[PDB]
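A short worksheet on the structure shown next.
FYI, it's all coordinate maths here, none of it is from the lab. Reconstructed Cβ throughout: ideal geometry from the backbone, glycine too, with neighbour counts over all protein chains shown.
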Amino acid sequence: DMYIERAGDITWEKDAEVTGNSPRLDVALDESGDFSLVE
Amino acid sequence: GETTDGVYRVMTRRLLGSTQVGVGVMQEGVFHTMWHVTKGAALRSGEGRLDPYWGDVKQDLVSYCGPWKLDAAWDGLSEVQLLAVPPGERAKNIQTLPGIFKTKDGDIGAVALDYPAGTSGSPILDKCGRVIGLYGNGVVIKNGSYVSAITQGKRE
Ligand SMILES: O=C(Nc1ccc2c(c1)CNC2)c1cc2ncccc2s1
């Protein structure tokens, strides 16, 4: 049985940790909502 | 129960202890999450019940108490922040520049950040604090890491 709990306000934080790359990938989306890589 | 705007954890007591299966956004009295988090099942908020209102397995989105309210979009240029709510850990903003998912039906933003599967439904924000999409549906790359799409719904 599922329940929800508050975890915070939705705001932008100035000087948050900046990480992660920006990959450009060829993908396909099937009828079940699952993504897959096309190569 | 609690209908204040904000980010919420989606929890279950079906498995061992209390387990976090995902996250969602409360905005304008509507709860927004990814379909794979709840599978369209009802939710509890204190003593109150939240019933599903709209959902789609292909978009992997679901709204409760009313129609989908989030309509902001990534501008295709600027950095964004993932407001990650990891299981058992405090909400944390992480800024990143999104990549691109190129599909036969158009391009979609993508964030390359790795978090537990129980973080699915965490919102992605623009510099004004607007929710431009939810994190949790994407693909696994060569090294085993995840790249999620910036999944956004349509506000009717
Ligand atoms: O498996 C996942 N997501 C998902 C599950 C079931 C379905 C869909 C997506 C869409 N169709 C049904 C993951 C989300 C995630 N986040 C960060 C790191 C690793 C993962 S794996």
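Suppose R0 equals 41 Å; then what is the FRET efficiency for B:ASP75 and B:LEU16 from their Cβ-Cβ distance, rounded to the nearest 0.05? Don't skip to the end; give the middle numbers.
Details: r = 43 Å, r/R0 = 1.05.
Computed FRET efficiency for B:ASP75 and B:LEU16 comes out at 0.45.
For q = 0.11, 0.19, 0.22 Å⁻¹, what log10 I(q)/I(0) does segment B:7-103 give under the Debye formula with an equal point scatterer on each alpha carbon and no solvent?
After summing over all Cα pairs, the log10 values are -0.39, -1.08, -1.30.
With charges only on Cβ, +1 for K and R and -1 for D and E, what is the dipole size of the protein assembly as shown about its Cα centre, in debye, rounded to 20?
On the way: 20 positive and 27 negative charges, 61 e Å.
It works out to roughly 300 debye.
Work out from phi, with θ = phi - 60° and the Karplus expression 6.51 cos²θ - 1.76 cosθ + 1.60, the ³J(HN,Hα) of each residue of segment B:136-142, listed in order in whole Hz, and give x for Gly and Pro.
So the Karplus estimates, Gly and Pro as x, are x, 10, x, 9, 9, 9, 2 Hz.
For chain B, what does -39500 (n - 2.57) per DSSP helix run (n ≥ 4), summed and divided by total residues, give at 222 nm, in deg cm²/dmol to the nearest 500? Don't jump to the answer; show the numbers that get you there.
Details: 1 runs with 4 residues, N = 156.
My calculation for chain B gives -500 deg cm²/dmol from helical runs alone.
Rounded to a whole number, what is D in µm²/s for segment B:6-64 from Stokes-Einstein with the Kirkwood radius over alpha-carbon pairs (37 °C, 0.692 mPa s)? It would help to have the intermediate numbers written out before the result.
Values: Rh = 11.8 Å.
Once the numbers are plugged in, D ends up at 279 µm²/s.
Under the definition of Cα pairs under 8 Å and six or more residues apart, what whole-number percent is the relative contact order of chain B? Don't skip to the end; give the middle numbers.
Values: 362 pairs, mean separation 33.2, N = 156.
Normalised by residue count, the contact order of chain B is 21 percent.
Rounded to the nearest Å, what's the spacing between the alpha carbon centres of segment B:28-64 and segment B:85-156? Just the number, please.
Answer, in whole Å: 18.
May I ask you to list the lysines whose Cα is less than 17 Å away from that of B:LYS102, ignoring any residue fewer than eight positions away on the same chain?
List returned: B:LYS58.
If neighbour count is taken as other Cβ atoms inside 10 Å, put B:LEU16, B:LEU125 in order from fewest to most.
Details: B:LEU16 6, B:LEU125 21.
Lowest to highest Cβ neighbour count: B:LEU16, B:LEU125.
Would you kindly state how much longer the chain becomes between B:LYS127 and B:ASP114 on full extension, computed as 0.36 nm times their sequence separation minus their alpha carbon distance, in nm to one decimal?
On the way: separation 13, 0.36 × 13 = 4.68 nm, distance 2.16 nm.
Taking 0.36 nm per residue and subtracting the Cα distance, the gain is 2.5 nm.
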